[PDB]
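Chemist: Here it is, the structure in full.
Number of protein chains: 2
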Amino acid sequence: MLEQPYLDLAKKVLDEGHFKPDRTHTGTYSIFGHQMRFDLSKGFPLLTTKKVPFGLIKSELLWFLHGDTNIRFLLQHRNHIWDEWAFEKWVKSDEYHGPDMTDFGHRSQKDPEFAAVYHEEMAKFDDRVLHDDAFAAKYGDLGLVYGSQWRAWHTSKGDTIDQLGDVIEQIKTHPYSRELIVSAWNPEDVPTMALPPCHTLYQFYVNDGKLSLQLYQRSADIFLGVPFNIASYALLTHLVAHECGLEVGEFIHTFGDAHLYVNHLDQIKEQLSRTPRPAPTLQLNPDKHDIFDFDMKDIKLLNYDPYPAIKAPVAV
Amino acid sequence: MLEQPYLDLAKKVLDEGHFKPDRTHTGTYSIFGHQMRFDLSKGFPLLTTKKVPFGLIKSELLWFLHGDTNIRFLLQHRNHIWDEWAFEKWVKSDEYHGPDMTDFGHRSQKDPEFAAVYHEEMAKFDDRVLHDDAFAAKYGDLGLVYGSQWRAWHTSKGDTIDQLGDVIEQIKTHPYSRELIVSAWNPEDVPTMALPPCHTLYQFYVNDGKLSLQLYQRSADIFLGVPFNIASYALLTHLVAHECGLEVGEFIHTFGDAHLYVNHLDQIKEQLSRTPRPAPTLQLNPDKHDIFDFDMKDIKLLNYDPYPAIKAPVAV
Ligand SMILES: O=c1ccn([C@H]2C[C@H](O)[C@@H](COP(=O)(O)O)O2)c(=O)[nH]1
Ligand SMILES: O=c1ccn([C@H]2C[C@H](O)[C@@H](COP(=O)(O)O)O2)c(=O)[nH]1
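Following this line, the structure appears as structure tokens:
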């Protein structure tokens, strides 16, 4: 089936993954170096063996494509994936005059009441961002995140490069370019960031009228991260192919440190006892083509009939 | 055998590589996305099925490690690999008062006499670089090349980052870092360069006291390039492991566009009729450890008994 490579990756990390300590000490089973390919002409690689919220993938990718760095956009579509990076700033700011939220994460994971008070501050924070523009401009702007790395890479010359916008023209004018690459990795920014870009780099490749994309993921959470990661990029492959008037080829996923945190073992095992159902199909707006102006309604997933969602601790 | 993955890659590009036009129009048989791993604990991956000049690999890697960008260093060890990038500048300069060398390459490849006059200017140019410091400082300095990308990445702040020097300390202090990455890809420089870095990015990974390295090669010449490429990086894996006092693990080679130019078909076929002999061993200076101060004599290849060298047109 289409998602087999993912399942096979899990199987593998279980059989020959070696214990490797990580920054959160939640333990991992790792492997270094791996590659999975997906023939997009055969279906959209959204996992059928567990329900994956395609809506969170759409909004987030679009946010990236708009070159947006402000969380406000996400919260407008109830996407909270990035809420904590922003929340962190608010919490550690002199303007923050409230309860002690010393890295809320670990404490909310244990203290039942902390989770509640912490959850107030988050709901509150999100509210300010959504309604108060002066607040949003300040705390809702992550800054160095995919949207700006892809579309507004800063230069010493003082200006900014739209890596992705130039790359799409490259495919239109020079489809056989061996340089259709977009890097999210900037050495000078890398050491100050709370989380250096996991999805480090990607390359396009056109042959026979089909567009392919290879992604270099430096680090991956097999259970919780990879399912989304596969969907974001296969979707982008479709969007670019759409913009460029090309057929969709393969999405090649290359990993560095692929790992399974120890608290996801039961869940991934159960996941593996399930049988993949036929894959969904992606349909895109035929008329609208400037993918940078795209929006939710312009992209639709057909026939996604998954298995129930598997709950797991974000002890990640 | 150790080099089997390379041979298997050639086999593959021959069986399912599709014709894809390239910048030189010498035709290629391409594939997109591929990964080979090499267990360095089993031997040094220098091809035994054809003689590969290990000396050119040593000097070049060392040149990179010194953060050097001047060809003079290479010419001192009779390494001419980069001679043409420098030569180009001299040829297209107002100080150049001599014969018309309109992209010598293609014309020298055909015109027998051009090859001679062109060869005079190259021998001459190299001479000036080696003896004349004012000349060398000007025309012998490539500028944006691996040594400076690895060791002197320029920042908007005006200064310069030693990516590699910081990364080795990272392995010493935080061996389990999932961020031990060195990028050679700078978006703002990429469009002005005659040849954007082929070896785009690499990542280290430490587990069980063994050091591994994964390389992302955006484009590869199966016949002429890859043999060297495999040696440069597996060697670097050893050098860093040496500096850090770690065991050598695996060298993982990830490709984007792996290709065979059409004029290398007979040669690669003949290559494939040969049987790999046992692999060589690499021995490094035990006392000397600051790999940045290393030199030729500090590195030695033992037992490299290859097959004769296979000649091929650099119609690359
Ligand atoms: O889209 C994402 C975002 C994050 N991660 C994971 C990778 C690691 O599991 C952890 C980050 O750890 P570092 O690689 O930064 O050390 O989050 C993913 O798998 N996918
Ligand atoms: O160490 C090297 C240097 C160059 N090349 C090859 C890659 C391509 O065959 C050609 C460069 O073409 P572009 O990728 O820049 O388009 O040179 C290698 O394989 N190895």
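Respectively, the protein sequence lines represent chains A and A'. A prime marks a further copy of an entry chain.
Each residue of the first sequence is one higher than the last, beginning at 1 in the deposited numbering.
Each residue of the second sequence is one higher than the last, beginning at 1 in the deposited numbering.
All C-beta atoms in this analysis are idealised placements derived from N, C-alpha and C, irrespective of residue type, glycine included.
#1: I think A:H238 touches A:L61, with their Cβ atoms under 8 Å apart; what is that distance to the nearest whole Å?
#2: Might you give, ordered along the chain, the residues of its own chain that have their beta carbon closer than 6 Å to the beta carbon of A:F73, omitting 5 neighbours on each side?
#3: Please list, in chain order, all residues of the same chain as A:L246 whose beta carbon is under 7 Å from its beta carbon, the five residues on each side excluded.
#4: Find the nearest neighbour of A:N229 within the set A:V240, A:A241, A:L215, A:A137, judged by alpha-carbon distance.
#5: What residues from chain A crowd round A':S212, counting only those whose CB sits closer than 7 Å?
#6: Once the 5 residues before and after A':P175 are set aside, which same chain residues still bring their CB inside 6 Å of it?
#7: Would you check whether ligand 1 has a heavy atom nearer than 6 Å to the C-beta of A:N263?
#8: Could you work out which residue in A':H289, A':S273, A':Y261, A':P286 is closest to A':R23 when comparing CA atoms only?
#9: A:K58 to A:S232, Cα distance in whole Å?
#10: Flag this pair as touching only if the stretch 119-126 of chain A' and the stretch 69-86 of chain A' have three or more C-beta atom pairs under 8 Å; answer yes or no.
#11: What does DSSP give as the partner residue(s) for A:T160 in the beta ladder?
#12: Do the CB positions of A':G140 and A:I252 come within less than 7 Å of each other?
#13: With 16 other CB atoms within 10 Å as the buried threshold, where does A':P286 fall?
#14: So is A:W153 in contact with chain A' if we call contact Cβ pairs under 7 Å?
#15: Can you tell me which of the three DSSP states A':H131 falls into?
#16: Whose C-alpha, out of A:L7, A:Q163, A:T102, A:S273, is nearest the C-alpha of A:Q203?
#17: For A':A312, which residues in the same chain have their Cβ closer than 8 Å to its Cβ, ignoring the five residues on either side in sequence?
#18: Nearest-angstrom Cα distance between A:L195 and A:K110?
#19: Using three-state DSSP, classify A:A10 as helix, strand or coil.
#20: When the Cα atoms are used, what is the spatial distance from A':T28 to A':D221?
#21: Can you tell me which residues form a DSSP beta bridge with A':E247?
#22: Closest by CA to A':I81, which one among A':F54, A':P21, A':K288, A':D94?
#23: To the nearest angstrom, how far is the alpha carbon of A':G98 from that of A':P191?
#24: Among A':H25, A':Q217, A':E179, which residue has its Cα nearest to the Cα of A:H199?
#25: Where does A:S41 fall in DSSP's three states?
#26: Identify the contact partners of A:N207 in chain A', using a Cβ-Cβ distance below 8 Å as the criterion.
#27: For A:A152, which residues of its own chain have a beta-carbon under 6 Å away from its beta-carbon, when the five flanking residues on both sides are left out?
#28: Do A:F135 and A:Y118 have their CB atoms nearer than 7 Å?
#29: Less than 7 Å separating the beta-carbons of A:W85 and A:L2?
#30: Checking contacts by CB at 7 Å: is A':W150 closer than that to chain A?
#31: Taking CB distances under 7 Å as the criterion, tell me whether A:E188 reaches chain A'.
#32: Listing by chain order, which chain A residues have their CB less than 7 Å from the CB of A':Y176?
#33: On a Cα-Cα basis, can you pick out the residue from A':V91, A':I310, A':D257 that is closest to A':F19?
#34: Can you give the Cα-Cα distance for A':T155 and A:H154, rounded to whole angstroms?
#35: Can you tell me whether A:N229 sits near ligand 3, meaning its C-beta is under 6 Å from at least one heavy atom of the ligand?
#36: Could you tell me whether any non-hydrogen atom of ligand 2 is closer than 6 Å to the CB of A':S59?
Modeler: Short version:
#1: Rounded, the Cβ-Cβ distance is 10 Å, inconsistent with contact.
#2: Result list for A:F73: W63, in chain order.
#3: Only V206, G209, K210, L211 meet the Cβ criterion.
#4: The alpha carbon of A:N229 has as its nearest neighbour, out of A:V240, A:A241, A:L215, A:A137, the alpha carbon of A:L215.
#5: Close partners of A':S212 in chain A (Cβ separation under 7 Å): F32.
#6: Excluding positions up to five away in sequence, the list reads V206.
#7: Set against 6 Å, the gap from the CB of A:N263 to the closest heavy atom of ligand 1 is not smaller.
#8: Of the listed residues, the one whose Cα sits closest to A':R23 is A':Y261.
#9: A:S232 has its alpha-carbon roughly 8 Å from the corresponding atom of A:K58.
#10: Output reads yes: the stretch 69-86 of chain A' touches the stretch 119-126 of chain A'.
#11: DSSP output for A:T160 lists A:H154 as bridge partner(s).
#12: With contacts defined by Cβ atoms closer than 7 Å, A':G140 and A:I252 do not form a contacting pair.
#13: A':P286 counts as exposed, since fewer than 16 other C-beta atoms from the protein chains shown sit within 10 angstroms of its C-beta.
#14: Answer yes: the Cβ-Cβ gap between A:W153 and chain A' drops below 7 Å somewhere.
#15: Helix at A':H131.
#16: Among A:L7, A:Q163, A:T102, A:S273, the Cα nearest to that of A:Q203 is on A:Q163.
#17: Same-chain partners within the cutoff: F223, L224, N263, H264, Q267.
#18: Their Cα atoms are separated by approximately 23 Å.
#19: Reduced to three states, the DSSP call for A:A10 is helix.
#20: Taking the CA atoms as reference points, A':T28 sits about 9 Å from A':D221.
#21: Note: A':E247 sits in a beta bridge opposite A':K210.
#22: The shortest CA-to-CA distance from A':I81 to any of A':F54, A':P21, A':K288, A':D94 is the one to A':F54.
#23: Spanning the alpha carbons of A':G98 and A':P191 requires a straight line of approximately 30 Å.
#24: If you compare the alpha carbons of A':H25, A':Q217, A':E179 with that of A:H199, the shortest gap goes to A':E179.
#25: In this structure, A:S41 counts as helix in the three-state DSSP scheme.
#26: What A:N207 touches in chain A': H18, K20, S30, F32.
#27: For A:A152, where only same-chain residues beyond five positions count, the Cβ hits under 6 Å are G67, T160.
#28: For A:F135 and A:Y118, no; Cβs fall outside 7 Å.
#29: Their beta carbons are not under 7 Å apart, which means A:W85 does not touch A:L2 by this criterion.
#30: For A':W150, the answer is no, since every Cβ of chain A falls outside 7 Å of its Cβ.
#31: At a cut-off of 7 Å between beta carbons, A:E188 contacts chain A'.
#32: Per Cβ cutoff of 7 Å: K20, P21, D22.
#33: For A':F19, the nearest C-alpha among the options comes from A':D257.
#34: Answer to the nearest angstrom: the Cα atoms are 10 Å apart.
#35: Annotation note on ligand 3: not contained in the displayed structure, which lists ligand 1 and ligand 2 as its ligands.
#36: Every heavy atom of ligand 2 is 6 Å or more from the Cβ of A':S59, so no.
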